[PDB]
Each structure stands twice: as structure tokens, then as C-alpha cells.
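Enquirer: Chains as they are written, first to last, in PDB author numbering: chain M, 1 to 445; chain N, 1 to 451. We treat Cβ as the ideally placed atom computed from N, Cα and C, and that holds for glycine.
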Amino acid sequence: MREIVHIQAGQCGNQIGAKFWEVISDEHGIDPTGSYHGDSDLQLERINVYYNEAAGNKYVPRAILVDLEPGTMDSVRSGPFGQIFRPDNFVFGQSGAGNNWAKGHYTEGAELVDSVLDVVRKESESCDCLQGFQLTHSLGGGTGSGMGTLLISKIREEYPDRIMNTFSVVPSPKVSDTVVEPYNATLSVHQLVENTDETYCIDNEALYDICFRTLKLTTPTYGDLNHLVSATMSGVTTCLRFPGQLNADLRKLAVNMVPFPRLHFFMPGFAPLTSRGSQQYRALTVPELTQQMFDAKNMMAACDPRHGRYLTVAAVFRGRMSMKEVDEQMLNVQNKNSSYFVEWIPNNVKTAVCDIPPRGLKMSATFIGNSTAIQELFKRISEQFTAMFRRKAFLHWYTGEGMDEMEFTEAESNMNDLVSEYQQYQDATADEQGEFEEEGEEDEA
Amino acid sequence: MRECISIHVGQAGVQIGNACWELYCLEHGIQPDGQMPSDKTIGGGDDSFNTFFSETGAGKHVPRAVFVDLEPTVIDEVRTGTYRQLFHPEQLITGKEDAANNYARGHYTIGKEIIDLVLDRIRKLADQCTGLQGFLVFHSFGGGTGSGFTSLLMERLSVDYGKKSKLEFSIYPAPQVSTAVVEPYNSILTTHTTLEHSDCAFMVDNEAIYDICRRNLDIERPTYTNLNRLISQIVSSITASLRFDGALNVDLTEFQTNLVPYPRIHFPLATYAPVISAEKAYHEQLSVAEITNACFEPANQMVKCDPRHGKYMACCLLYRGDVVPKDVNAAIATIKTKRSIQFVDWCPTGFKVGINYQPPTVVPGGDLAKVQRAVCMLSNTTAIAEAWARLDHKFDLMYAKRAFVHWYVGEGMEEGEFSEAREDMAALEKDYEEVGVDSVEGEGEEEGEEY
Ligand SMILES: Nc1nc2c(ncn2[C@@H]2O[C@H](COP(=O)(O)OP(=O)(O)OP(=O)(O)O)[C@@H](O)[C@H]2O)c(=O)[nH]1
Ligand SMILES: Nc1nc2c(ncn2[C@@H]2O[C@H](COP(=O)(O)OP(=O)(O)O)[C@@H](O)[C@H]2O)c(=O)[nH]1
Ligand SMILES: [Mg+2]
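Pasting the structure below:
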């Protein structure tokens, strides 16, 4: 019934979706061709939230594949589960973005996008009840930032009441993937900040940390990271996909998660993340899970959340557990770690609980956090946009694509207005003073 | 003869609904498809299961019920579970998309999609009742649909069924536990509607009911499933005299003064006794004195506020099973002696009493105390003031920063409408205070009456 549309933009976004669709397919026990013989009726009864039933007992995912190149698509079509996709949903260029937002958003994608919107329309009309529009992409490169903006723009116009969500990869604090990554990460956000209800800030440097430090991986690779990432995307939807003691969809989470209409840029995180070398020496309990939810180091984003305060948090637990054990553990952290939280949002927590655990675990917990500390991204990228823009580096690549530097100036100005709004709500008091003025007139009569 | 109706709105409502209809089909020996496999009737007798079950067909009986959330999945589980055949499928309404913990969706933009459907099904339900007494309603009061739609339903019954008993049972938000962020706003937006319409409102609390379950009942890590099966013992007990014969009964038209000391204050607390494990009831035996004294203990109330911080105003005690009035009347005397209980000066005749013959029906596997003789207690106290005084401050904290206001505005409420609710909440604060005195003077208590 309540049916999400997925998009997968550029090389990065495509490969997160390519992992996503092995991973949720496995959770629903789906056969690599789009068949089924799996062990549970419950698994199949609900799948529709991410699938369509093709004739003679067959299953297709509500996925759109999006790229300005012939590259990465050819590998999804040869990989594990490459067969489930409707061949029609590959609508593709012969040009690339060139690491350039404006080539995505005002040239090569601008020439292609109406051919992709035509698949978005057809999947949105083939929905029962259209729920949302999720995107895997990046913000520091050219294609998923640039084409994905242009899609979001055109779809956010068409479907104003549906949720509009972005599982974004974002540039890391210390070493870079592409040199123009701060321009890309400003110009895409200069569209997304008033065209999304939800967006994520995924720091692959923290995934590389969590892959060595917690998960204890010897050679850690995209193979790993896109699992860790896609766990979080199937994990946030578990309270819509499946029954539990607290069902909760993405918008029911978002109303609790976003206080003011630009504070929607979230810190992700999962528990447990104990290695295969450590399983036998750790227990799998709500205390142990809630410990690793709020451990700084486990944070799949740019910073320790104690460079800020939590405006809001949401916990989406999975598997059979005492709601009382959960509620007590979420009450302990609010009262032992109260300095981590914004004080005029009285209690910062939304809780949800699915009966169904992920594969190979006793229980887990998906976590969405909103801390004012996410300015550690935006202080960097606005500065790093400025540092190159201030000497006018790389600029003719983008103004070759129908840009003027007034749009660059306007956008780094918007990012200052954003990081200043995020600071405006940082460290603000739960008390607001009265006056010392005096009533009537003052005599000893 | 006569009928109650049963309404579950939003996911807590619904979930509690699998719990209370399970208990009602134990307590009457109804199997999961509506058959009464040990029926004995002469036909056309009493036989009061007909107050809660409509007889269908050959001897299918059918719960006098309706259910909704605007999310499918929660009503789909009733449609699929142990009792799927118990329900008539047109009871089980759903929406396209949850009310998203915004009251505004439940009362305007999503709720309008299901309301006159919802009411048409009830018209059909009440058209079949012989002497409808009223409506008893579980709802997610702090939720999306449990907040917005229950209160839209209340307003939309009250124009047609204004003479029926309109009774409801929330889940209330809790002094340190928190399941959602906007829980307080919806709590006020719904209190601000259903104060004009409801004839009583029975507040109960998860953070409270856990502690009783880990203390008394001695349940190590309670579930929401455990909880809904405990919460089920309040409505069970206040229906015992609509379901079995007794030495003293009530009807729905009784609780709406005997729990309502003055109309704005329609907000009692409740509990049920003894609430102990097997190992404890094996070990040690309780009497109807002890079990009346336990209902007045702070640690034993299904809401977190200490009765001592306030004062009592109105009380209903509902005895089930092997007990006699000569003991029961002296056990209330007890509660009349210990000045650790204080009632208000306006209420020297503060006890109302009922006595049903049927013992509580022992649960499956015998997982509860084997006590033939259990008691429900329900009371209106001034101590609830200290549970509202947190909630109305939690509004004042968020609304100063307009935090989350934009989703309410998003679905079509105006800042005028959250401000009007908040000023009746500072008025509710004033109505808890009009009894904060000894005074008799004629606008709070009458100068020409004597108690
Ligand atoms: N005791 C108890 N409380 C519950 C249960 N389910 C939910 N709650 C409480 O009720 C609140 C609201 O639950 P929701 O799932 O949001 O109810 P809803 O009315 O369906 O809200 P929408 O889904 O937004 O329409 C939760 O935050 C809990 O405090 C339950 O089965 N038992
Ligand atoms: N997590 C993740 N990051 C990736 C992946 N592939 C590339 N990236 C990052 O995402 C960005 C590139 O996004 P993309 O839209 O493909 O850009 P383009 O190649 O410049 O058009 C860079 O910051 C890359 O480091 C991957 O598979 N997973
Ligand atoms: Mg709901």
C-alpha cells in the first residue's frame, strides 16, 4: 500500500542502490531473477512497499537507475540481482557530469531528465499509495549531486504532499575524493534545503573508522560500506515494512525529527556493530545496543555529537524486545547525558519497534540523530568553497554550463545563513527573561 | 436489553483492542470465530454478554466494536491474527497514510477521509443495539490518529448521540519516559477538544504501569503485550456489572458524577488489585481489607503522581468475586481513618461502591495470582494537577521557539488555534485551584446544601 520510489544517481548513488537491492531483497528472501520460494508468508505479504508483482508470480523493485554514462549500469546488469530491474528504468546519457554540478543540473542532465521523469511518473502511477521519493547519491561529486538536484526539483514540484528524502554521501574532513567537492556540496544543497523533508550526511571517513575500529575489517572496502549504508536504509523502514509493537513510517519519524524547516540534515547510526572476532565475548542487549547508539565513535558522520547538542533523536529498534527495557535505557541516557541535549525541546526522543530482526542477529537498533554539531560539515564546506572561489579556481568549467558567479556568491551566502541558523539554536536557554519594570507609581503613601 | 459500543483509534487503541477483546472472550467463553461452544441459554434472557456481543446468524456472537488507524499494518494484524474471524470485516477501517504524530492530520487533512465512513459503520452498529447506553473508547491521545481523529470523532458523535455516555481511556504522557517529541502538543490539542464533548476520561500511563509490573506483578522486562493485558482489567472491572449479576451494580450514567466532582475535572486515576505473581500468591494470602488498602498506596496507581501532593474528590470501588458487603463497608472505614489519605472538604461522602458476583476469569496457563476476589479502584484527585503542570510547561518551552509548529501549519492549523488551546490549559490550571480551599460560598460549593 504505502509505496516508496527509489532513485539511484551517478556512480556512487548507483552502487549504494546496487547494494541496497541485494540487501532488502535478501531480507525479503527474493531470488536473484525476481522469483520467490522463501520460508515466510509475512515476508511476501508486505513487500509491495518496495516492489511490484509482475505476471506468473514474479517481483520487480520500485527502482530507477540514473546515470549520464555507460559505465556503472553495465555492472549492475551483470552483478548479483542485476535481473530484478525493469529494463525500461535504465534511462542513460553518453556524456557524464565531469565532476560538475552544473553539467548535471543545466546541461547533460537537463537534456535527459524529461526522459527519466517519465519513468518517475509511470512508477508513481503504478504505486498503490505513493509514500515517498528516496535517492541514493553523493554531494561532493558531479552526477548524483547534479542530476539528482534536477530530478528532485522536478518531482518536488509535481508531488508536494509526499515525503522527499536523500540518502547522501558527503565530503570528508581531511582527504578528498575530487577537488571541486566544496563547490559541488554547496550548489546542490542550494537546491536541496527547500526541496527535501529529510537528508543524510554520510561521511565515508567515519565508515572507514567504524569498519576498522568496531567492525574490525582488515581491508575495508565499498563492499562493506555499502552494506553498512544499506542496513540503515532498510533499517529506518522496518516499522513500515513489517509488523511490531510500534509501527512508524518515515513521515511519523520526520515530524518528531525536524524542529525548524531547514534543520533536516541528519546523523545516521546502527547497532550492534561488533566484529566476528568479538561476538562471543559481548552480549546483545538493549543496554549494549543503546550504549553503541550514543558512543561518539560509532557515529556514521563527520563529528562527535558533543561538538553540539541533540535537537532530536529517533530510535528504530528491531527484533523481540521489552519496550520497558528500551524505555528505561532511553530515559537513562537523557538524564545521565543531559548535557548532550537541547533544553527547550523537553524530551528529544521518538521510539519505534519492529518485531522482525535483521539477518544474523538477536536484535538491532537503527538511529537517526539531529545535533547542532552538524555545523562541522557546513563550517568546513562554506570555508572550502570560499578558499578556492576567492582566487576563482575551476570556475570556467561551471560557467561554461550556463552559470554566472552571482549564483556561486548567492549560494555561499545561503550556506552562511544556514550555519548561522544552526548556531542560533545552539546553546540557547530553556528560560527567557522578564522585565524589572514597576507597576503603578512609586510613593510611600 | 442494553448495549455498550467499543472504539479503538490509533496504534495504542488498536493494540489494547486485541487485549480487551481477548479478555472479554475469556470472561464469557467465546472462541475466536464468534461461537459460544458451551452455551446454555433459554433464549431472550440475561445473559448480559449481549451488552458487548451482537448475535449473528446461527450463534456467531460479534464484538460491538470499530477500529482504525490511518496506517494499514496495525489493523492488518487484527485482520490476520488469532481472532481475525471474531471481527466483522467492516469494523476494521484503515487509511492511506498515518497521521504522522500530527494531530492536525488526524483532525483535518487525513481524518476527513475516514470520518463519515467511520460514523456510517457506527450508525449501523447502534441501529442494531436495543438500548445503547454508550461508547467506551481506547485511543492514542498523544499520537497522530489517536489524537486528531478520536477528537474529530468525539465532536462528530456529540451532535447525534449527545444523550449517550461518551467515555474514553487515554494513554497519557509520562514524567521521565518519552515515546515521541510532539506528544505534549497533541495532548493539549486533544484535551482542548474532548473537554467539550466527553463525559469522562480515564487516564493511564506506561511509565507508571511498568513500575507496578516490575514491582508488584514482578515481571522482569514487561512488554507492550503484557501491558495491554493489564490495562484491560480496568474496563473489564467497570463492565463487570454490565456482563454479570451482582449485589450492587452501576451503569455508564453513574460514573460521570461519582468520578466527576465538577464537570471540567472529568479526569480520574485508576488501579486494580491484588496485582502479584504466582510465586507471591502461593507464598502469601490477601484479604478484602488489605486489597482495599493497597488501592490507596502511591506505588500502586496507574499514573505517576503521588496522591499525597493533592487530595481526593470522588471514588468508585468495584468489587468482584467472593466478598460480602459487611467486610467491604468496614474496609472503606479503614481508608476513612488513615489521615495519610486526605479527601477535600467538599467531599465527606466521597465513596461510591459496587459488588458483582463473578470472580475474575483466570488467564491462560494460570499466569497470575490465584485470587478469587479482586478489586478495581478509580478516583478523581487534585494530584493530577502536578501531572498536567509538566505537560503545559513542555508546550511553553517548545512554542517559545515555535519548535515543530510548521507541520501543524503544514496541514492547516493556525497559530491562533495552538494559542487558544494553551489558554484553556492555563484555565484548567485555574479549575484545579477552585477546590484549593475550605470555602463554601456558592460558585464552587453550594451554601444551601449539606453533606
Ligand atoms: N500502553 C501502550 N501505549 C502505546 C501502545 N502503542 C503506542 N503507545 C503510546 O501511544 C503513543 C502514540 O502511538 P502512535 O503509534 O503514534 O499512535 P497513532 O495514534 O497511531 O499515531 P499515528 O500513527 O501518527 O496516527 C506512543 O508514543 C506511546 O506512548 C500500546 O500498545 N500500548
Ligand atoms: N559510500 C560511497 N561513496 C562513494 C562510492 N563511489 C563513490 N563515492 C563517493 O561519492 C562521490 C561521487 O559521487 P558521484 O555522483 O558518483 O560523482 P561523479 O563521479 O563526480 O559524477 C565522491 O565523493 C566519492 O568518494 C561508493 O560506492 N559508496
Ligand atoms: Mg497511526
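Looking at the C-beta of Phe52(N), does it have a partner C-beta in chain M at a distance below 9 Å?
Expert: Position 52 of the second sequence holds residue 52(N). So, not an interface residue.
Enquirer: Is it a yes or a no for the segment 322-337 of chain N touching the segment 379-392 of chain N, going by three-plus beta-carbon pairs under 8 Å?
Expert: Not touching, per the Cβ criterion.
Enquirer: Any heavy atom of ligand 4 closer than 8 Å to the beta-carbon of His105(M)?
Expert: Ligand 4 is not among the ligands present in this structure, which contains only ligand 1, ligand 2 and ligand 3.
Enquirer: For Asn300(N), which residues of its own chain have a beta-carbon under 6 Å away from its beta-carbon, when the five flanking residues on both sides are left out?
Expert: Taking the first residue of the second sequence as 1, we reach residue 300(N) at position 300. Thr271 and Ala294.
Enquirer: Taking the alpha helix (DSSP H) that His190(M) belongs to, which residues open and close that run?
Expert: Looking up residue 190(M) in the first sequence gives position 190. Where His190(M) is concerned, the enclosing alpha helix (DSSP H) stretches over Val189 to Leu192.
Enquirer: Can you tell me which of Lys311(N), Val275(N) and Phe149(N) puts its alpha carbon nearest to the alpha carbon of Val375(N)?
Expert: Taking the first residue of the second sequence as position 1, residue 375(N) is located at position 375. Answer by Cα proximity: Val275(N).
Enquirer: What does the Cβ neighbour count give for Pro70(M), buried or exposed, with the cut at 16 atoms within 10 Å?
Expert: Working through the first sequence from its first residue, we reach residue 70(M) at position 70. Label assigned to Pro70(M): exposed.
Enquirer: Tell me, please, which residues DSSP counts as bridged to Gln35(N).
Expert: If you number the second sequence from 1, residue 35(N) lands on position 35. According to DSSP, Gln35(N) bridges with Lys60(N).
Enquirer: Quick one: grab the DSSP three-state call for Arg306(M).
Expert: The residue labelled residue 306(M) in the question sits at position 306 within the first sequence. The answer is helix: DSSP assigns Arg306(M) an H, G or I state.
Enquirer: Taking the straight line between their C-alpha atoms, what separation do you get for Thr361(N) and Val440(N)?
Expert: Residue mapping note: residue 361(N) aligns to position 361 of the second sequence, counting from 1. Residue mapping note: residue 440(N) aligns to position 440 of the second sequence, counting from 1. Cα to Cα, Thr361(N) sits roughly 46 Å from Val440(N).
Enquirer: What do you reckon, are the CB atoms on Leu391(N) and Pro184(N) nearer than 9 Å?
Expert: Taking the first residue of the second sequence as position 1, residue 391(N) is located at position 391. Taking the first residue of the second sequence as position 1, residue 184(N) is located at position 184. In contact: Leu391(N) and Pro184(N) (Cβ atoms closer than 9 Å).
Enquirer: Would you say the beta carbon of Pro184(N) is closer than 8 Å to some non-hydrogen atom of ligand 1?
Expert: Counting from one through the second sequence, the residue named residue 184(N) turns up at place 184. The answer is no for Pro184(N).
Enquirer: Which residues share a DSSP beta bridge with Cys4(N)?
Expert: The sequence position of residue 4(N) within the second sequence is 4, counting from 1. Bridge partners of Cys4(N): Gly134(N).
Enquirer: Mind reading off the beta-carbon distance from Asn186(N) to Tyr103(N)? Whole number of angstroms is fine, and I expect it under 8 Å.
Expert: Translated into the one-based positions of the second sequence, residue 186(N) becomes position 186. Translated into the one-based positions of the second sequence, residue 103(N) becomes position 103. So it is a contact: roughly 4 Å between Cβ atoms.
Enquirer: Alpha carbon to alpha carbon, how far is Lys352(N) from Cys315(N)? Give it in angstroms, no decimals.
Expert: Sequence index remark: in the second sequence, residue 315(N) carries index 315 (1-based). Sequence index remark: in the second sequence, residue 352(N) carries index 352 (1-based). Looking at the two C-alpha atoms, the distance is approximately 6 Å.
Enquirer: With contact counted as at least three CB pairs below 8 Å, one residue from each stretch, are the segment 29-36 of chain M and the segment 163-174 of chain M in contact?
Expert: Taking 8 Å as the limit for Cβ pairs, the verdict is that the segment 163-174 of chain M does not touch the segment 29-36 of chain M.
Enquirer: Does the beta-carbon of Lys252(M), which I'm using as the reference point, lie nearer than 8 Å to any heavy atom of ligand 1?
Expert: As a first step, residue 252(M) is located in the first sequence; it is residue number 252 there, counting from the start. Because some heavy atom of ligand 1 lies under 8 Å away, the Cβ of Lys252(M) counts as near it: yes.
Enquirer: Nearest chain M C-beta to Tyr210(N) closer than 9 Å, yes or no?
Expert: Your numbering for residue 210(N) matches position 210 in the second sequence. Yes, contact with chain M.
Enquirer: Run through chain N and tell me which residues come within less than 8 Å of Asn335(M), C-beta to C-beta.
Expert: For the purposes of this step, residue 335(M) is taken as residue 335 along the first sequence, with counting starting at 1. Neighbours of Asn335(M) on chain N, chain order: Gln176.
Enquirer: I'd like the ranges of any alpha helix (DSSP H) spanning at least 4 consecutive residues and lying wholly in the segment 169-228 of chain N.
Expert: Counting only runs of 4 or more, we get 183-194 and 206-215.
Enquirer: For a test of your reading of the model: does the CB of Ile234(N) fall under 8 Å from any non-hydrogen atom of ligand 1? Yes or no.
Expert: Walking along the second sequence from the start, residue 234(N) turns up at place 234. No, the beta carbon of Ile234(N) sits no closer than 8 Å to any heavy atom of ligand 1.
Enquirer: Would you check if the distance between the CB atom of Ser151(N) and the CB atom of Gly95(N) is smaller than 9 Å?
Expert: Within the second sequence, the letter at position 151 stands for residue 151(N). Within the second sequence, the letter at position 95 stands for residue 95(N). The answer is no: Cβ separation not under 9 Å.
Enquirer: Give every residue of the same chain whose Cβ lies closer than 7 Å to the Cβ of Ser234(M), excluding the five residues on either side of it in the sequence, and list them in chain order.
Expert: Along the first sequence, one-based indexing puts residue 234(M) at 234. Correct list, in chain order: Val23, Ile24 and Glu27.
Enquirer: For the segment 97-117 of chain M against the segment 71-85 of chain M, do three or more pairs of beta-carbon atoms, one drawn from each stretch, fall closer than 8 Å, so that the two count as touching?
Expert: No, the segment 97-117 of chain M does not touch the segment 71-85 of chain M.
Enquirer: For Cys354(M), return the contacting residues in chain N, with the cut-off set at a CB-CB distance below 8 Å.
Expert: For this step, residue 354(M) is matched to residue 354 along the first sequence. The premise fails here: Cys354(M) is roughly 10 Å from chain N at the closest Cβ pair, so nothing lies under 8 Å.
Enquirer: If you scan the segment 87-160 of chain M from start to end, which runs of the alpha helix (DSSP H) of 4 or more residues do you find wholly inside it?
Expert: Segments of the alpha helix (DSSP H) lying fully in the segment 87-160 of chain M: 101-106, 114-125 and 143-158.
Enquirer: Mind checking whether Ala100(N) and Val255(M) have CB atoms under 9 Å apart?
Expert: In the second sequence, counting from the first residue as 1, residue 100(N) sits at position 100. In the first sequence, counting from the first residue as 1, residue 255(M) sits at position 255. It is a contact, given that the beta carbons lie within the stated cut-off.
Enquirer: Can a CB atom of chain M be found closer than 9 Å to the CB of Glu429(N)?
Expert: Along the second sequence, one-based indexing puts residue 429(N) at 429. Chain M contact via Cβ: absent.
Enquirer: Is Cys316(N) helix, strand or coil when you go by DSSP?
Expert: One-based indexing of the second sequence puts residue 316(N) at position 316. Reduced to three states, the DSSP call for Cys316(N) is strand.
Enquirer: Could you pull out every residue in the same chain whose Cβ sits closer than 6 Å to the Cβ of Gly29(N), ignoring the five residues on either side in sequence?
Expert: Against the second sequence, residue 29(N) aligns to sequence position 29. Closer than 6 Å at Cβ, skipping near neighbours: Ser38.
Enquirer: Provide the residue span of the alpha helix (DSSP H) that contains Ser322(M), from first to last.
Expert: The residue labelled residue 322(M) in the question sits at position 322 within the first sequence. Counting along the chain, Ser322(M) falls outside any alpha helix (DSSP H), and DSSP gives it neither H nor E.
Enquirer: Going straight from the alpha carbon of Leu252(N) to that of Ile84(M), what length do you get?
Expert: Taking the first residue of the second sequence as position 1, residue 252(N) is located at position 252. Taking the first residue of the first sequence as position 1, residue 84(M) is located at position 84. So the two alpha carbons sit approximately 59 Å from each other.
Enquirer: State the Cα-Cα distance for the pair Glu450(N) and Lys336(N), rounded to the nearest angstrom.
Expert: The residue given as residue 450(N) occupies position 450 in the second sequence. The residue given as residue 336(N) occupies position 336 in the second sequence. Answer to the nearest angstrom: the Cα atoms are 19 Å apart.
Enquirer: Taking the alpha-carbon of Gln15(N) as reference, which of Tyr312(N), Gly81(N), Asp33(N) and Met413(N) has the nearest alpha-carbon?
Expert: In the second sequence, the residue the question calls residue 15(N) occupies position 15. Comparing Cα-Cα distances from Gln15(N) to each of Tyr312(N), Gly81(N), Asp33(N) and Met413(N), the minimum goes to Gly81(N).
Enquirer: For a test of the three-state rule: what should DSSP assign to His28(M), helix, strand or coil?
Expert: The sequence position of residue 28(M) within the first sequence is 28, counting from 1. It is coil, neither helix nor strand.
Enquirer: Comparing C-alpha positions only, which one of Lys174(M), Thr409(M) and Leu331(M) sits nearest to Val349(M)?
Expert: The residue labelled residue 349(M) in the question sits at position 349 within the first sequence. Among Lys174(M), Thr409(M) and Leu331(M), the Cα nearest to that of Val349(M) belongs to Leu331(M).
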